[PDB]
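Protein chains in written order, with UniProt numbering: chain D, 28 to 161, 175 to 183, 186 to 192, 201 to 254, 274 to 417; chain F, 28 to 161, 174 to 192, 201 to 247, 275 to 417.
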Amino acid sequence: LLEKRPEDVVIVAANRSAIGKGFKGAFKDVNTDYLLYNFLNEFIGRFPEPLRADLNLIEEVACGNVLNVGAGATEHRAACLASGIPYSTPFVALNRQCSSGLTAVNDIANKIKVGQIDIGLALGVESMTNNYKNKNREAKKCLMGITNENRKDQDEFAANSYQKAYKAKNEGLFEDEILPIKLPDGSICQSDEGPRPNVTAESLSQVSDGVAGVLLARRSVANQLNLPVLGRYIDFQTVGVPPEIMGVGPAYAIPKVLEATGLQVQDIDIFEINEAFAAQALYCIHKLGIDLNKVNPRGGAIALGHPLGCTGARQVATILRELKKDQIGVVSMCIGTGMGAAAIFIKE
Amino acid sequence: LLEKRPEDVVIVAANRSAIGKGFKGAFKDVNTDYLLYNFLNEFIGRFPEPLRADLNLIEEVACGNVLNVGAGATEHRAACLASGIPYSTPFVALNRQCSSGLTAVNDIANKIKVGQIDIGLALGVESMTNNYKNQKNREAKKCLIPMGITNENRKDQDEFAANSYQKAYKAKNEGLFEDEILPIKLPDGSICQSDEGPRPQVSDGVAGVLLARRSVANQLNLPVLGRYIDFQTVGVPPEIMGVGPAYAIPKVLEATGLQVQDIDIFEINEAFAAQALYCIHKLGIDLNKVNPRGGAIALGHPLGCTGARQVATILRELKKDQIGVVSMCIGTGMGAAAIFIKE
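Here it is in structure tokens:
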């Protein structure tokens, strides 16, 4: 599995923006279209010379999105079009709820794999700020908090993430993966404005906005073009989970991707398990038996925020900077109307 | 290619609904969730014993949609939930615009090829009637050119148009569109199951396609209407979005080795007569092969349903071992095309 074959799906670049605060945040006066346009312009400069030389080398743009009309396909495609990605490049809008951005990844993973394409861009956007704006059993469930309701450990959990996120923030740890998004006033945003110092434990995830991109390619095509390689996508698995207890997703998706690859929990160095809510994150980690030490190393959703769409691909950018050469890490998250997703990766 | 390996992505079922008329037709007092719930209750019935038994063997439901909030991901999951498809079955909402129903098929194909799943359901749904109610740079503004205008970018069109209605009613009347169309029951008691438009187009309709690996089909004793060969997409100038089929057909043929003259039926979506004519001409296609039972000019084009519809239609127009393609130009400047084989 650690053997690099020429038919591997390889990650060439994985970047994300600073996650702003919903409603209050840096992004409030901006929508997914400006966020996307801008992140793209940044992401492209960060691209190896043969690519930016011929952008029509990207043969597909899957963009995950949960709240726009039709998942933002017209605006997101216009945005790509403004950031130099040629018309010659098809675009696909996807919405698998909370995992959307991780599914943009599985979409391109498979196309490349199957030969449909060689090089392909996975995206994730969400402007919860400007978009949150839009009964007979079973179907009566479907689309969060109450499925969670279905506290000491949870606050304990909320603070440690908040502490891990603050350390990491302050230690410069996210300075690699984050890109500066210029705001229309003149400002520029390169810090996650969600993690805060001194969070301890007190009685009383986050509505945010953000973009995140991933550039996959098949190893063969990479070597030929001599393109840097950060790690490689190994597999992906989704599962259906009772909608009333959505959060339970990770406790079923993880074992699934594990069995399908042959790995075991204890073969994983890092787990990027999305914390929609602390109650559910904790439950997932403890049912599986995951080492809490190995969970969300630099802070989670609780502290960082959760821009629905963008999250699944944000965790990828992130898990890559937390990993060390030849390490395996999973990316999982509970999904909205009752699902569970989880992709596996390796550094190199 | 006409060799059959168990590794094949095989169509086990593929039915559609009657395409209602926009703003006035049969479905006007209903939305996607109802069209879906119903289409599915029907489709599932027209499902082989084994699947109906389990229904959990279906491991993914990708479902195109173009105009709903978030392409109808929640509403339609519930519909599937309500029509007996288990929670266990994940779901994905896709929006490739005009080709959404086809790319939803592309989706299912790939997952099956890449071993991700065995059997999967592809869908298309749209209710232009209900949902049709949902930058300043020289490049992305082309993603603001109204479709019709891009068509601006007559006799021959009207002649091409005429045939569409002619072939469609001739065929509707001869009962050609019967095996494919399922009966969508309506609130006011009136069952609907006949195409309004063809009576010698904005519309609402649903469509479903149940792929499975060949090896798997033979294992569960399942019927096999045909096979998915390839699919290909290619961007195109948004100002002439229509020219999309002219490029995606060569590309998918090329990807397969096939040639134009190797194709029997050419189900090229008629989004406009001006457009479809061009692809036809540029490609050098025998009209007797293009849209045999008429097109969308008569039948209507329920945006995200179409792709999944054309597959239903084509699979009847094709005889055992015939190859045919399904192309359509795509909204913001694209073009798709797939290739199927009967058996």
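A virtual CB, placed ideally from N, CA and C, is assigned to each residue, including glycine.
Beta carbon proximity, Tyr114/F to chain D, threshold 8 Å: Here residue 114/F corresponds to residue number 87 of the second sequence, with the count starting at 1. Cβ-Cβ to chain D under 8 Å: yes for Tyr114/F.
How about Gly316/F and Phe346/F: do their beta carbons lie closer than 8 Å? Start at 1 with the first residue of the second sequence, and residue 316/F comes out as number 242. Start at 1 with the first residue of the second sequence, and residue 346/F comes out as number 272. Closer than 8 Å, so yes.
Just to confirm, is the Cβ distance from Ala131/D to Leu108/D under 8 Å? For the purposes of this step, residue 131/D is identified with residue 104 of the first sequence, where counting begins at 1. For the purposes of this step, residue 108/D is identified with residue 81 of the first sequence, where counting begins at 1. No, Cβ-Cβ distance for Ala131/D and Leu108/D is not below 8 Å.
For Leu373/D versus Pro245/D, is the C-beta distance shorter than 8 Å? Numbered from 1 along the first sequence, position 304 holds the residue referred to as residue 373/D. Numbered from 1 along the first sequence, position 195 holds the residue referred to as residue 245/D. Result yes, Cβ atoms of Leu373/D and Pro245/D sit closer than 8 Å.
Simplified DSSP state of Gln275/D, which is helix, strand or coil: Numbered from its first residue, the first sequence carries residue 275/D at position 206. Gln275/D falls in the coil class under three-state DSSP.
Measuring alpha carbon to alpha carbon, tell me which residue in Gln213/D, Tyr302/D, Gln293/D, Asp205/D is nearest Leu254/D. Walking along the first sequence from the start, residue 254/D turns up at place 204. It is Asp205/D.
At the 8 Å Cβ level, is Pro311/F part of the contact set with chain D, yes or no? Numbered from its first residue, the second sequence carries residue 311/F at position 237. Yes, its Cβ sits closer than 8 Å to a Cβ of chain D.
Look at the alpha carbon of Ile238/F and the alpha carbon of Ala53/F, and state the distance between them as a whole number of angstroms. As a position in the second sequence, residue 238/F is number 191, starting the count at 1. As a position in the second sequence, residue 53/F is number 26, starting the count at 1. Distance between the alpha carbons of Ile238/F and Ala53/F: 9 Å.
Could you tell me the boundaries of the beta strand (DSSP E) in which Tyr302/D lies? Start at 1 with the first residue of the first sequence, and residue 302/D comes out as number 233. Unbroken beta strand (DSSP E) run through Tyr302/D: 300-309.
For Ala98/F, which residues from the same chain have a beta carbon less than 6 Å from its beta carbon, with the 5 sequence-adjacent residues on both sides left out? By one-based count along the second sequence, residue 98/F stands at place 71. For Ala98/F, where only same-chain residues beyond five positions count, the Cβ hits under 6 Å are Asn92, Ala120, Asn122.
Secondary structure, alpha helix (DSSP H): runs of 4+ residues fully inside the segment 136-161 of chain D: 155-158
Are the Cβ atoms of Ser401/D and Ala411/D separated by less than 8 Å? Numbered from its first residue, the first sequence carries residue 401/D at position 332. Numbered from its first residue, the first sequence carries residue 411/D at position 342. In this structure, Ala411/D lies closer than 8 Å to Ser401/D by Cβ.
Enumerate in chain order the residues of its own chain whose CB-to-CB distance from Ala286/D is below 6 Å, with the five nearest sequence positions on each side excluded. Numbered from 1 along the first sequence, position 217 holds the residue referred to as residue 286/D. Closer than 6 Å at Cβ, skipping near neighbours: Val37, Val39, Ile146.
Are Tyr114/D and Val310/F close, meaning C-beta to C-beta below 8 Å? Against the first sequence, residue 114/D aligns to sequence position 87. Against the second sequence, residue 310/F aligns to sequence position 236. It is a contact, given that the beta carbons lie within the stated cut-off.
Status (buried if at least 16 other CB within 10 Å, exposed otherwise) for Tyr159/D: For the purposes of this step, residue 159/D is taken as residue 132 along the first sequence, with counting starting at 1. When all chains shown are included, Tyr159/D counts as exposed.
Are the C-beta of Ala109/F and some C-beta of chain D separated by less than 8 Å? Position 82 of the second sequence, counted from the first residue, corresponds to residue 109/F. Yes, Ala109/F counts as interfacial toward chain D.
First and last residue of the beta strand (DSSP E) that includes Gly72/D? Locating residue 72/D in the first sequence gives position 45, counting from the first residue. Note, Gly72/D: premise wrong, no beta strand (DSSP E); alpha helix (DSSP H) at 59-72.
What are the partner residues of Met402/D, as DSSP defines its beta bridges? For the purposes of this step, residue 402/D is taken as residue 333 along the first sequence, with counting starting at 1. DSSP, once it has assigned bridges, lists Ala410/D as partnering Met402/D.
contact_flag[the segment 213-223 of chain F, the segment 77-94 of chain D] where n(CB pairs < 8 Å) is 3 or more: no
Comparing the C-beta of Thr330/D with each C-beta of chain B, is any distance below 8 Å? Checking the listed chains, one finds no chain B in this structure; the protein chains it contains are D and F.
Nearest to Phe70/F by alpha carbon, out of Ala100/F, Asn161/F, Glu227/F, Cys125/F? Here residue 70/F refers to the residue found at position 43 of the second sequence. Looking only at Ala100/F, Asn161/F, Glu227/F, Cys125/F, the smallest Cα-Cα distance to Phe70/F is reached by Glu227/F.
Among all the DSSP beta bridges, which residues are the ones paired with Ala286/D? If you number the first sequence from 1, residue 286/D lands on position 217. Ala286/D is bridged to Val37/D, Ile146/D.
Nearest-angstrom Cα separation, counted from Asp60/F out to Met155/F: As a working mapping, residue 155/F is identified with position 128 in the second sequence. As a working mapping, residue 60/F is identified with position 33 in the second sequence. Cα to Cα, the separation comes out at about 13 Å.
Give the secondary structure of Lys48/F by DSSP, where H, G and I count as helix, E and B as strand, and everything else as coil. For this step, residue 48/F is matched to residue 21 along the second sequence. Residue state, collapsed to three classes: strand.
From what residue to what residue does the alpha helix (DSSP H) around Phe224/F run? Here residue 224/F refers to the residue found at position 177 of the second sequence. Where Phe224/F is concerned, there is no enclosing alpha helix (DSSP H), given that its DSSP letter is neither H nor E.
Where are the alpha helix (DSSP H) runs, 4 residues long or more, that stay fully inside the segment 323-368 of chain F, in chain order? 347-357
Beta carbon of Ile303/D, beta carbon of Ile415/D: below 8 Å? Here residue 303/D is taken as the residue at index 234 of the first sequence, counted from 1. Here residue 415/D is taken as the residue at index 346 of the first sequence, counted from 1. Contact: yes.
Within chain D, the residues that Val93/F reaches when beta carbons sit closer than 8 Å: One-based indexing of the second sequence puts residue 93/F at position 66. Within 8 Å Cβ-Cβ: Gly97, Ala100.
Looking only at C-alpha atoms, which of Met408/D, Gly407/D, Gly378/D sits nearest to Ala89/D? If you number the first sequence from 1, residue 89/D lands on position 62. It is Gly378/D whose Cα lies nearest to the Cα of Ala89/D.
Any C-beta of chain F sitting closer than 8 Å to the C-beta of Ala40/D? Working through the first sequence from its first residue, we reach residue 40/D at position 13. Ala40/D does not count as touching chain F.
For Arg43/F, which beta-bridge partners are listed by DSSP? Position 16 of the second sequence, counted from the start, is the residue given in the question as residue 43/F. DSSP output for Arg43/F lists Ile228/F, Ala281/F as bridge partner(s).
Does any C-beta atom of chain F lie closer than 8 Å to the C-beta of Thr156/D? Counted from its first residue, the first sequence places residue 156/D at position 129. Answer no: the Cβ-Cβ gap between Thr156/D and chain F never drops below 8 Å.
Is there at least one Cβ from chain D nearer than 8 Å to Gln349/F's Cβ? As a working note, residue 349/F is residue 275 in the second sequence. No, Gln349/F does not count as interfacial toward chain D.
DSSP three-state call for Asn92/D: helix, strand or coil? For the purposes of this step, residue 92/D is taken as residue 65 along the first sequence, with counting starting at 1. In the structure shown, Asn92/D sits in coil (DSSP, three-state: anything other than H, G, I, E or B).
On a CA-only basis, which of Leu296/D, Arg177/D, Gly222/D, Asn157/D is nearest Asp278/D? Give me that one, please. The residue you call residue 278/D lines up with position 209 of the first sequence. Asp278/D has its Cα closest to that of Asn157/D, out of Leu296/D, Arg177/D, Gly222/D, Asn157/D.
DSSP three-state label for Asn176/D, please. Along the first sequence, read from residue 1 onward, the residue named residue 176/D stands at position 136. Three-state result, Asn176/D: coil.
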